[PDB]
């Protein structure tokens, strides 16, 4: 049992990798996870970076990297017992670190098969959230978007619902791995829960109604599903928000007597700035749509109906 070990910068149990190092997929292996972990822990701790071309296929070369990191850590834990203040323990991971952490968790969780990551990141920055908010990802897969958002924001709670057996199972793991690795790096996340469920179900009806921020990746959703979703969103509170990959109402909705009951009567819809250098499987750059529950649109229309002048114009 030849092995490599990395010490936690905050004294959690060490990460232990068997030799020879496992490959995760055609683009990810333990070797580079190790290397990358070291680089990121160095970003967490400037002194560690100060204190610190490799052959990822030589055990001795890789052990010289680990020992060197591990000694630098010991040395840093000593420095903190002195007057130097330890790394503050309650912080959120930088975006960079979070990217690594999520890659790492994926690798250790999903054993059989994240440009989204960058998009989600853009959305986290545009969509201000606070401790008032409840976030849900509808059709949450293995959970990566809940985890990312839960790591980055103050929402009071974050949920993901997913109905298929496979992804839901991985999600149970992704949850354990995530908490484990976040403890390893000494970072906080907001509360979250990843659940099995169908978000079209009667329980979810009320839950959708009380959620203030919904992400849903509905591009390939069919008419029936998008329509059922519209009927769920109709019950949401003023200022509720939905971010999606396909808009649930037209962007220039003009309210009139034929379309009174359409969901565009009750929501502002905007196209969100795309991410430069993004390109979907289609070939077109990726755009995203923000809907904000705003029932003043319907109010003003009905006001207008009462005003004979404004009534004639329309008419």
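Heads up, when I say rigid core I mean the largest set of C-alphas that superpose within 1.5 Å between the two forms. Residue numbers count along the first chain shown, from 1.
The stretch that strays farther, by root mean square C-alpha distance over structures and residues in 8 other deposited structures of this protein after a rigid core fit, is 115-123, when 79-87 is set against 115-123.
After a core fit, the C-alpha atoms in 8 other deposited structures of this protein lie farther on average from the shown form in one of 263-271 and 26-34, namely 26-34. Compared with other entries of the same protein, residue 282 falls in the group left without coordinates by at least a third of them, where both flanks are modelled.
Unmodelled deposited residues between residue 66 and residue 67: none, per the record.
Unmodelled deposited residues between residue 239 and residue 240: none, per the record.
Stretches compared: 125-133, 147-155. Higher mean C-alpha B-factor in the entry: 125-133. Relative to one another, 138-146 and 101-109 have unequal mean CA B-factors, and 101-109 is the one with the higher figure.
The PDB entry gives the largest Cα B-factor of the residues 62, 290, 41, 267 to 62. The entry assigns its greatest Cα B factor, within the set 96, 186, 160, 167, to 167. Per the PDB record, residue ranking by Cα B-factor puts residue 33 in the lowest third of the chain.
The deposited CA B-factor of residue 261 belongs to the middle third of values across its chain.
In this PDB entry, residue 119 carries a Cα temperature factor that places it within the middle third of its chain's modelled residues. Sorting the modelled residues of the chain by their CA temperature factor places residue 249 in the lowest third. When the CA B factors of the chain's modelled residues are split into thirds, the value for residue 88 lands in the highest one.
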